[PDB]
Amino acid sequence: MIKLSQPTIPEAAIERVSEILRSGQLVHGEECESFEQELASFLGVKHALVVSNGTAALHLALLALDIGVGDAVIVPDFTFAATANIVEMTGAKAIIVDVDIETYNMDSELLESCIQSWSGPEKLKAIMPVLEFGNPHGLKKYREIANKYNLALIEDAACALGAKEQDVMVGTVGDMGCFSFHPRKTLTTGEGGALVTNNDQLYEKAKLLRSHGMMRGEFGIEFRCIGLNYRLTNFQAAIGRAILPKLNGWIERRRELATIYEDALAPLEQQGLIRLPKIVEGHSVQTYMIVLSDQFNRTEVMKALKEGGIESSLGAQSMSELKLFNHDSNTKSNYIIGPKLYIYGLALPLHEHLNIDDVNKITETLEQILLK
């Protein structure tokens, strides 16, 4: 069976996890601190905070910017539900903007006009674009637009650790940036995430919120404010630390698999039967999602692929189609691209233990299905 995802925990990491469990040094320790340092250096960013999961990173980002009831945050239509959900878990309203058919990322023009026509009643406080599947495209434009309208930028870089927007690493352009280490993401810690920022106050506040308002004082730990628990275990941090130095190389290889997919599938694209993703420079290829033409029923294609020993799945959700984000601004609107990607987007296997021969099998199976 060719799998969509096959999480890769280096044997070194496995042995280190065993040492930690045996010695009983379990809670956020030197291991988390080191991971944070190592992430910050990898990204070229001032501060990193590792946390329970990528949702927790987005949540702490929101809480650190004091976003909640009476506020609004713009999210993309195409993403995982967590993006829009976590905004509304704070009491703010998720304001949906459609994505671009080429990049699967928030459409920068539709973003700008959404801000221009914003009529309240909530105060628009932030933009939360997704660098979907590892695609950096649009990030500098989001920064530009955010600054123009005096809004915070929160990068939902869940899928995009090690993605690069030209000269600048994804996650380091927003006021804060958020990563997931969920098993389908390329670096995993089972569950895990990271919140990053070049801003000291945002860092210090999120750090308080991550662990019950705790900080080191003159005579030990002081409780400075109300907070949560979104700490990551020491042994989860160790897993992360062992993968990070391999991550760039993993991404290079994934870009090579993408090339092989592009090779095999370009005729089908040219025949108007599918659309391929544009793997720009700096795309980390967390997911390789094609778009089936309307002619094809994705559920049937998936079943046929499965019979031929190939896993596949939808890429992400349409936030408008979920019917959970009920601000007037969303219901009065018609989304085009996200709902389309939701129904016809197809993720194909792409990971660390896929080779040319596998991709060839995948591509031949898809071809026969689509040309029947």
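In case it trips you up, residue 1 is the first one in the sequence shown, and so on.
Chemist: Taking only the CA atoms, which stretch has the higher mean B-factor in the record, 255-263 or 71-79?
Modeler: Averaging CA B-factors over each stretch, the winner is 255-263.
Chemist: Which is higher in the entry, the mean Cα B factor of 217-225 or that of 176-184?
Modeler: Averaging CA B-factors over each stretch, the winner is 217-225.
Chemist: Sorting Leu244, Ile274, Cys114, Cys159 by Cα temperature factor from the record, which one lands on top?
Modeler: Answer, based on the entry's C-alpha B-factors: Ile274.
Chemist: I'd like to know which of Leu268, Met106, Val285, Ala94 has the highest C-alpha temperature factor in the PDB entry.
Modeler: If I rank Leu268, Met106, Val285, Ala94 by C-alpha B-factor, first place goes to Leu268.
Chemist: Hey, what third does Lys306 fall into on Cα B-factor, ranked over its chain?
Modeler: For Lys306, whose C-alpha B-factor we compare with every modelled residue in the chain, the answer is the highest third.
Chemist: Lowest, middle or highest third of the chain for the C-alpha temperature factor of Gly54?
Modeler: Lowest third of the chain for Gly54's C-alpha B-factor.
Chemist: Using the temperature factors of the C-alpha atoms in this entry, rank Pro129 within its chain: lowest, middle or highest third.
Modeler: Its C-alpha B-factor belongs to the lowest third of this chain's values.
Chemist: Within this chain's modelled residues, let me know which third the CA B factor of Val27 belongs to: lowest, middle or highest.
Modeler: Highest third of the chain for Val27's C-alpha B-factor.
Chemist: Comparing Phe235 with the other modelled residues of its chain, is its CA B-factor in the lowest, middle or highest third?
Modeler: Tercile = lowest for this residue's CA B-factor.
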